[PDB]
Amino acid sequence: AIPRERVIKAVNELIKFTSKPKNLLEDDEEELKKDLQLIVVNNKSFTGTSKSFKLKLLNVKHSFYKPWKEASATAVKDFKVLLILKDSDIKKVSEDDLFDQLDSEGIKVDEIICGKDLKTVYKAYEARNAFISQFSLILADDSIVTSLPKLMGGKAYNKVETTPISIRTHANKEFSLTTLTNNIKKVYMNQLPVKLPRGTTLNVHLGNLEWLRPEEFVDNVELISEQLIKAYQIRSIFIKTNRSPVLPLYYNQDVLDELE
Amino acid sequence: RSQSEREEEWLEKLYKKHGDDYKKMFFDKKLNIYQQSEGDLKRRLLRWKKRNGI
Amino acid sequence: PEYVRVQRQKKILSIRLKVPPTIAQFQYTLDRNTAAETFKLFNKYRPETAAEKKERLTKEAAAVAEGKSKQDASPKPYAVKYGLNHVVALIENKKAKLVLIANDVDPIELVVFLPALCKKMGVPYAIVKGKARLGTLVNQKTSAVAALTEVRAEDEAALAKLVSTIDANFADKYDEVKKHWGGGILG
Amino acid sequence: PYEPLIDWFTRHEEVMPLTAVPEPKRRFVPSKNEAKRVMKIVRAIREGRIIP
Amino acid sequence: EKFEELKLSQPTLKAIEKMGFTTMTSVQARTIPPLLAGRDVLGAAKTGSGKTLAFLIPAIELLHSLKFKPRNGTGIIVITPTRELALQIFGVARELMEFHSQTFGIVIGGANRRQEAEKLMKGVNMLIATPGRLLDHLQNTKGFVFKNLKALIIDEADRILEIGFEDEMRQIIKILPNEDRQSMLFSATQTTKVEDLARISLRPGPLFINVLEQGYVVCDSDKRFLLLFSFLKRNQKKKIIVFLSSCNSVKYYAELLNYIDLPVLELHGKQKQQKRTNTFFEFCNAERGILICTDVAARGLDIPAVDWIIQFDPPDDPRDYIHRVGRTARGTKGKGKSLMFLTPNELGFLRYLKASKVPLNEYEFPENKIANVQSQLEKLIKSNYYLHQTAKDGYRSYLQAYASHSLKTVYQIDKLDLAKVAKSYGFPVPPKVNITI
C-alpha cells in the first residue's frame, strides 16, 4: 500500500506551510487558493486516446461537501446544487418531493433545470456563464449527460465544479424517486469527482485544509490512492497546494518499464 | 356579512401552512399571490376564526 | 373619379413644398432585414386575442366550477403594448425598452413628439413603416405605436443586440438629415 | 427662409421620470378584474347557462 | 428622581411607561423643575441624553393645561438643524402626543410642499421643523395660525450656526411673538453668536445648567451596497454596527438582509423606543450581531467595543465623527476598526481627514469577489410590492438626506449618478423624487 505515516508527515508539513503568514477588505481569491489541497498523479498514458468529459466518482470515506457548505455559509460564494432533468422528469418531480428527502439527511437541492431551459433561456454565453458560475454542485441525468456538451459550453468543461456529474433516476424501465433520492446521497457524500484529461498528468482536487481533520484527510487520500492504483498504472503521486511546490509520497518505478 | 368559500378555504390553507404568525405569511409567495395587507390578513383570519375554528 | 384624383394629387403637393424637419424624420425609416427581425421579435410577443382570452377564462372557470382549484400560480403575461396613451404612459417612467412608430398616421400631430420624446428620455425608438403591420401584430386594424417592456430571459439577449442594431442603423444614419428641411422639390 | 432644427433641449437626457406617482398594488399581483370575470363565468356555469 | 414621581397627566404617565422610562438623567432632572416653572433656559448637554424628552414632557404639560383646539393655535415650536434629528425627535414625540389629544407635525425642506401646506391649513399643535423651510412657510402659507406662540425651543445652536441658518433665525424671531413666547434651548457648547440669538430669545433672565487609523473604501455608488453585503457575509459571527443617514434606508436594508436571512438588528427613529432598547440590549448581549442604525441614533447611546465600525452613509457631523473615533479608541481597549465607504466624488472628505491629521488606511476591493445578487435584487423588487415601496423609500430618504447635507464641497447632488444609486437600491430606472437639483 502507501505509508500513511508519510502522508501524515506531508499534511502536517502543509499545515505548517499554510500556517506561515493597505490590505483588502474582501480577501484575495489567491489567499483562498493557497489553503487548498490538490492531488497530482503521474501515470502512464492517462488518455483514452480521446477526450473524456465524464467524471469518475471515487468512493471516499468522508464527505467534504458538508464542511464546504458550512464554510460556504460564511463564504461569499454560496454552495448551490443544480440538477438537470428531462422534461417529463421535471413534469413528474416536484421540489418539496426533493426537499423532504433531503432534510432527512440535511442537504438541499438549489435548482432543477430542463435541457429546454439550457437551450433557450441560457442560449447566450454571458447569461449561461453567469448561471453556471453560481453553482458548485451540478448533476445531470445520464441520458442527458451525453447530450450536454453543445448546451453547456466549453467554459463549463474547463473547471471541475462547472462540469456536470452523471447521476441516474432510473433503475427499471421507468425512473423511481427512490433511485434519485439515494443516488444524490451516493454522489453527494460518498463519492468525489475526477476529471480525466490527457497526457501523463492527473490533477485531483481535494479541498481546503480548514474543512476537515488532517488524519481524515490522510484516510480519504489513502483510500482514493489505493482506488487509483487498483484502477491505473501510476508513475508517481505528488500532493500539494496549488501555491505550494509538490510533495513526493508514493511512486512505482516499474510502471515505466511496463509501458514499453 | 359572512365569508366566501374559496377565500375562507384560502385562509384555512394559510392557517395550516404558517399557523398564526403574520410576518411569515406576509412574505409567502404561494397562496398569498395577491399579497394581502398586514392586518387585512389579521382581520380576515379573525373573522374566519370567529366563524369557524375558534 | 374625384377621390382617385385627390389621392394622386396628394403626396405631390407635399413634396413640392418644404416640409418642416420635425416631419420627414418619417420615411427615413428602418431597412429591410432589421424590420424583419423586429417583426420576428414582436410575433414572439403577440398579445392574447379575445378568443384565446375567453377560452382560457372558460378553462379556469370550469376548473373552479368543478373545484378542482388546481393551484394559484402564473408568472405574468408578457406582451407588446399598443395603446397610444398607454405607450406614452410607459415612457416617463421609463419602461419602454423598444418603441415602434408608424410613419403614416393621418393626424400626424398625434405622433410628432414621440421621436423627440424618446430622444430626450433616451428610449430606443424606431420608426416603423405602416400602422397596419402594427395592427396585425397586435390584433387590431391599425395601432400606430408599439411599446415593449417585459421580456423573458430567453429573449433578453436578443433584445439588447436589437437595441444596439437599431441605434446603429437609425440613430447614427439619419440623425443629421433629420434636422434638414425635407421636400420642396416640385412635381 | 429655412434652417436646420436646433436640438438644444433633446441633448440633455432625463435620468428620471417626470412624475413621482406611487406604483399601484395591482401591477405586481395577478389581475383582479380577470378574476371577477372568472367568477362571473363560474356563476354562469353553476347555473348551467354556460356548458363546459 | 423619577419621571413617574413628578406631577403629570395620566396619558403622559402611560406614555412614559410605554417608552420604558422610569428614572431621570441628572441634567434633565435639574432642568425639569424650571421647565415646569415657566422660565426661559439655555442648556449644555450631550447629543442623545434624552434631551428631546426633557422638553417634550412640559410642552405636553402646557398643551394639557391650555387644552386648546387644533384650530386654536400652534404653541409648541421646535427648531432643529438636521432632517435626521427632526425625524428622531418627531418619532419620539409621536406616541407622546398620541396618548395626548393635540396635534403633531413636520416641516422639512425636501418634503412635499402641498403636504406641509395642507397640514398647516388644518393647523398643528406641535411643530417640529428645520430653520430654512420655516421662512418659506411663515412668509408664504396663508391663514396659518401663528399669533399664539405658547413656547419655542432651539436645539444645538452650534449646528445651526455651523450650517449658517442664524440669519434665517433672526428673520424668524423678528416674525415671532415674544410676550406669550418662552424660549428654551439646548446646545452642548456655545459661541457668542449663539448667545446673541439667546439674548433675543430668552424673555426672562434664565438660570442655565452646564454639566488612530481609519479605513476608507472608495467604491462606485452602485456596487457599494453589494460590497457591504459581501463584507458582511465574510465577517459573519463578528458584531458590526453600520451607520446610516435615513431611518427608511435602515428599515429597508434590515428587511432586505433579513430576507437574505443573515441575522440583522435595526435601530432607527421610526423604531419604537422600547423595541429600540430591546434591539440594543440583544446586540450588546448577543456579541455576534449585525446592527443597522443611523448616525445620530448611534450618537444617542454608548457603543460596545466592536469588531468594526462601518459608516455607509455620509456623516451628520464629521467633526463629531473625528472626536467619536478618538473617544471610541480611547474608551475601548478592545480594538474597534473604523471604516467609511467612499464614492469617487467624495475624496475631498479625505483631505478633511488630512485636516484631522489622524492616519488613514485605504482598504482595497477585488472585482472578482462580487456577490452578484443584483439580478436577484431586481427580480425581487419587480416581484414584491412591499419591498418595492421600501426600496423607493430608502432611495427617497437617501436623496433627501443628501439634500439636507451641510458640506456641499464634499457632497454635490450634481456629481452623483442617480442611475447607479438606483441600481444599488436595485432599480434599473431611478424613481422620481421631487428634489431641487
# chains A, B, ... in the order shown; residues from 1 in each chain; ligands from 1
>>> residues_around(residues="residue 40 in chain B", least_positions_apart="5", cutoff="12 Å", atoms="only C-alpha atoms", output="PyMOL selection string")
chain B and resi 11+22+25-26+32+34-35+45-48
>>> select_by_dssp(residues="chain C", states="strand (DSSP E or B)", output="PyMOL selection string")
chain C and resi 18+81+98-102+125-128+145-148+183
>>> write_last_selection(atoms="C-alpha atoms", output="PDB file, in the first residue's frame")
ATOM      1  CA  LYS C  18     -40.837  72.475 -47.932  1.00  0.00           C
ATOM      2  CA  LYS C  81     -48.108  47.444 -25.575  1.00  0.00           C
ATOM      3  CA  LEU C  98     -38.368  49.480 -27.559  1.00  0.00           C
ATOM      4  CA  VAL C  99     -40.915  51.639 -29.326  1.00  0.00           C
ATOM      5  CA  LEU C 100     -42.048  51.225 -32.898  1.00  0.00           C
ATOM      6  CA  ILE C 101     -43.580  54.290 -34.509  1.00  0.00           C
ATOM      7  CA  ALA C 102     -45.680  54.142 -37.652  1.00  0.00           C
ATOM      8  CA  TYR C 125     -37.372  54.332 -30.532  1.00  0.00           C
ATOM      9  CA  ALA C 126     -37.531  53.222 -34.134  1.00  0.00           C
ATOM     10  CA  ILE C 127     -39.817  54.463 -36.865  1.00  0.00           C
ATOM     11  CA  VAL C 128     -41.590  51.533 -38.460  1.00  0.00           C
ATOM     12  CA  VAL C 145     -47.459  52.731 -31.837  1.00  0.00           C
ATOM     13  CA  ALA C 146     -45.828  49.647 -30.377  1.00  0.00           C
ATOM     14  CA  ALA C 147     -44.141  49.636 -26.995  1.00  0.00           C
ATOM     15  CA  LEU C 148     -42.426  46.641 -25.467  1.00  0.00           C
ATOM     16  CA  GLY C 183     -39.100  68.014 -49.754  1.00  0.00           C
TER      17      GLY C 183
END
>>> residues_around(residues="residue 26 in chain D", least_positions_apart="2", cutoff="12 Å", atoms="only C-alpha atoms", output="ChimeraX atom specification")
/B:33-36 /C:76 /D:22-24,28-34 /E:383-385
>>> closest_atom_pairs(of="chain C", to="chain D", cutoff="8 Å", atoms="only C-alpha atoms", output="Markdown table")
| residue | atom | partner | partner_atom | distance |
| --- | --- | --- | --- | --- |
| C:21 | CA | D:5 | CA | 6.7 |
| C:57 | CA | D:38 | CA | 6.0 |
| C:58 | CA | D:41 | CA | 7.0 |
| C:59 | CA | D:52 | CA | 7.9 |
| C:60 | CA | D:38 | CA | 7.4 |
| C:61 | CA | D:42 | CA | 5.3 |
| C:62 | CA | D:52 | CA | 6.0 |
| C:64 | CA | D:42 | CA | 6.9 |
| C:65 | CA | D:42 | CA | 5.7 |
| C:74 | CA | D:30 | CA | 7.7 |
| C:76 | CA | D:30 | CA | 7.4 |
| C:92 | CA | D:17 | CA | 4.7 |
| C:93 | CA | D:17 | CA | 4.8 |
| C:94 | CA | D:17 | CA | 6.4 |
| C:116 | CA | D:10 | CA | 6.6 |
| C:117 | CA | D:10 | CA | 7.9 |
| C:119 | CA | D:10 | CA | 6.2 |
| C:120 | CA | D:10 | CA | 4.6 |
| C:121 | CA | D:14 | CA | 5.7 |
| C:122 | CA | D:13 | CA | 6.5 |
| C:179 | CA | D:4 | CA | 5.0 |
| C:180 | CA | D:4 | CA | 5.0 |
| C:181 | CA | D:4 | CA | 6.6 |
>>> closest_atom_pairs(of="chain C", to="chain B", cutoff="9 Å", atoms="only C-alpha atoms", output="Markdown table")
| residue | atom | partner | partner_atom | distance |
| --- | --- | --- | --- | --- |
| C:69 | CA | B:6 | CA | 8.8 |
| C:71 | CA | B:31 | CA | 8.5 |
| C:72 | CA | B:31 | CA | 6.4 |
| C:73 | CA | B:30 | CA | 7.5 |
>>> residues_around(residues="residue 132 in chain C", least_positions_apart="5", cutoff="8 Å", atoms="only C-alpha atoms", output="list in words")
residues 141, 142, 143 and 144 of chain C
>>> interface_residues(of="chain E", to="chain C", cutoff="9 Å", atoms="only C-alpha atoms", output="ChimeraX atom specification")
/E:429-432
>>> select_by_dssp(residues="chain C", states="helix (DSSP H, G or I)", output="PyMOL selection string")
chain C and resi 2-9+12-16+32-42+50-66+84-90+108-110+113-120+131-136+156-171+175-178
>>> residues_around(residues="residue 65 in chain A", least_positions_apart="3", cutoff="12 Å", atoms="only C-alpha atoms", output="short mmCIF file (atom, residue, chain, number, x, y, z; two decimals) with C-alpha atoms, in the first residue's frame")
data_model
loop_
_atom_site.label_atom_id
_atom_site.label_comp_id
_atom_site.auth_asym_id
_atom_site.auth_seq_id
_atom_site.Cartn_x
_atom_site.Cartn_y
_atom_site.Cartn_z
CA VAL A 60 -14.35 8.41 -0.28
CA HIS A 62 -15.51 11.29 4.41
CA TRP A 68 -17.83 23.02 2.14
CA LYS A 69 -21.41 24.08 2.80
CA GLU A 70 -20.77 25.07 6.40
CA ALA A 71 -17.89 27.32 5.39
CA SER A 72 -19.82 28.40 2.31
CA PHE A 79 -22.83 26.41 -2.23
CA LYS A 80 -25.66 25.55 -4.59
CA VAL A 81 -26.92 22.28 -6.04
CA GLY A 106 -29.81 17.60 5.96
CA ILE A 107 -28.89 18.73 2.45
CA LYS A 108 -30.63 20.79 -0.21
CA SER A 136 -20.77 24.32 -7.25
CA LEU A 137 -22.68 21.02 -7.48
CA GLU A 161 -17.29 22.19 -10.37
CA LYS A 185 -26.88 10.76 -1.43
CA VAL A 187 -23.00 11.18 -5.33
CA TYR A 188 -23.15 13.82 -2.58
CA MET A 189 -21.44 12.30 0.40
CA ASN A 190 -19.89 9.03 -0.70
CA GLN A 191 -18.19 9.98 -3.97
CA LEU A 192 -15.77 12.60 -5.25
CA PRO A 193 -15.39 13.82 -8.84
CA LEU A 206 -9.35 17.62 -2.51
CA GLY A 207 -10.15 20.86 -0.70
CA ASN A 208 -9.22 23.49 1.87
CA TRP A 211 -12.63 22.00 6.33
CA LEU A 212 -11.65 18.55 7.60
#
>>> closest_residue(among="A:58, A:128, A:28, A:23", to="chain C", atoms="only C-alpha atoms")
A:128
>>> atom_distance(atom1="CA of residue 74 in chain A", atom2="CA of residue 235 in chain E")
7.8 Å
>>> closest_atom_pairs(of="chain A", to="chain C", cutoff="10 Å", atoms="only C-alpha atoms", output="Markdown table")
| residue | atom | partner | partner_atom | distance |
| --- | --- | --- | --- | --- |
| A:117 | CA | C:154 | CA | 8.4 |
| A:118 | CA | C:154 | CA | 9.5 |
| A:119 | CA | C:154 | CA | 8.8 |
| A:120 | CA | C:154 | CA | 5.3 |
| A:121 | CA | C:154 | CA | 3.8 |
| A:122 | CA | C:154 | CA | 6.4 |
| A:123 | CA | C:154 | CA | 7.1 |
| A:124 | CA | C:157 | CA | 6.8 |
| A:125 | CA | C:157 | CA | 9.6 |
| A:126 | CA | C:157 | CA | 8.9 |
| A:127 | CA | C:157 | CA | 8.4 |
>>> atom_distance(atom1="CA of residue 14 in chain E", atom2="CA of residue 152 in chain E")
25.1 Å
>>> closest_atom_pairs(of="chain A", to="chain E", cutoff="10 Å", atoms="only C-alpha atoms", output="tab-separated table")
residue	atom	partner	partner_atom	distance
A:22	CA	E:362	CA	5.4
A:23	CA	E:363	CA	5.5
A:24	CA	E:364	CA	4.3
A:25	CA	E:363	CA	5.5
A:26	CA	E:231	CA	6.1
A:27	CA	E:366	CA	7.9
A:28	CA	E:366	CA	7.3
A:29	CA	E:369	CA	7.5
A:72	CA	E:234	CA	9.8
A:73	CA	E:233	CA	8.1
A:74	CA	E:234	CA	5.9
A:75	CA	E:234	CA	5.8
A:76	CA	E:230	CA	6.1
A:77	CA	E:371	CA	6.7
A:78	CA	E:371	CA	9.0
A:130	CA	E:372	CA	9.0
A:134	CA	E:372	CA	8.7
>>> closest_atom_pairs(of="chain E", to="chain B", cutoff="12 Å", atoms="only C-alpha atoms", output="JSON lines")
{"residue": "E:255", "atom": "CA", "partner": "B:27", "partner_atom": "CA", "distance": 11.0}
{"residue": "E:256", "atom": "CA", "partner": "B:27", "partner_atom": "CA", "distance": 11.7}
{"residue": "E:258", "atom": "CA", "partner": "B:27", "partner_atom": "CA", "distance": 11.4}
{"residue": "E:259", "atom": "CA", "partner": "B:27", "partner_atom": "CA", "distance": 9.0}
{"residue": "E:380", "atom": "CA", "partner": "B:29", "partner_atom": "CA", "distance": 11.5}
{"residue": "E:383", "atom": "CA", "partner": "B:29", "partner_atom": "CA", "distance": 9.6}
{"residue": "E:384", "atom": "CA", "partner": "B:35", "partner_atom": "CA", "distance": 8.2}
{"residue": "E:385", "atom": "CA", "partner": "B:35", "partner_atom": "CA", "distance": 8.0}
{"residue": "E:386", "atom": "CA", "partner": "B:35", "partner_atom": "CA", "distance": 8.7}
{"residue": "E:387", "atom": "CA", "partner": "B:27", "partner_atom": "CA", "distance": 10.0}
>>> decode(residues="chain D", atoms="C-alpha atoms", output="compact mmCIF listing (two decimals), in the first residue's frame")
# COMPACT_ATOMS: atom_id res chain seq x y z
CA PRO D 1 -36.16 81.28 -45.01
CA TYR D 2 -35.18 77.81 -43.81
CA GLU D 3 -32.52 76.44 -41.47
CA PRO D 4 -31.93 73.12 -39.68
CA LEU D 5 -33.62 72.47 -36.37
CA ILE D 6 -31.83 73.19 -33.09
CA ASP D 7 -31.81 70.24 -30.68
CA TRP D 8 -30.80 72.17 -27.56
CA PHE D 9 -33.36 70.51 -25.31
CA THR D 10 -33.13 66.90 -26.55
CA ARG D 11 -29.39 66.62 -25.99
CA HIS D 12 -29.80 66.78 -22.22
CA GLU D 13 -31.22 63.44 -21.13
CA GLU D 14 -33.50 62.96 -18.15
CA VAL D 15 -32.22 60.20 -15.90
CA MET D 16 -35.54 60.20 -14.03
CA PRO D 17 -39.23 60.35 -14.90
CA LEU D 18 -41.32 63.46 -14.56
CA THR D 19 -43.88 62.35 -12.01
CA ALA D 20 -43.39 60.91 -8.55
CA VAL D 21 -46.54 58.83 -8.92
CA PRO D 22 -46.55 55.91 -6.46
CA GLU D 23 -46.74 52.50 -8.04
CA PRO D 24 -50.12 50.82 -7.69
CA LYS D 25 -50.66 47.49 -5.97
CA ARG D 26 -52.29 45.80 -8.94
CA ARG D 27 -49.24 45.98 -11.18
CA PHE D 28 -47.49 43.36 -9.08
CA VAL D 29 -50.21 40.86 -8.24
CA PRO D 30 -52.39 38.75 -10.56
CA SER D 31 -55.13 40.80 -12.14
CA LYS D 32 -58.29 41.26 -10.12
CA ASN D 33 -60.69 42.15 -12.91
CA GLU D 34 -59.70 38.96 -14.71
CA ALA D 35 -60.71 37.05 -11.59
CA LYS D 36 -64.04 38.84 -11.32
CA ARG D 37 -64.78 37.82 -14.90
CA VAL D 38 -63.71 34.28 -13.94
CA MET D 39 -66.19 34.19 -11.08
CA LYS D 40 -68.87 35.57 -13.38
CA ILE D 41 -68.33 32.59 -15.67
CA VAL D 42 -68.26 30.32 -12.61
CA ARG D 43 -71.67 31.61 -11.54
CA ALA D 44 -72.99 31.11 -15.07
CA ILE D 45 -71.73 27.52 -15.18
CA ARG D 46 -73.15 26.81 -11.72
CA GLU D 47 -76.44 27.93 -13.22
CA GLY D 48 -75.62 25.86 -16.30
CA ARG D 49 -76.03 28.78 -18.69
CA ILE D 50 -72.53 28.02 -19.98
CA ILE D 51 -71.59 24.44 -20.89
CA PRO D 52 -68.01 23.31 -20.16
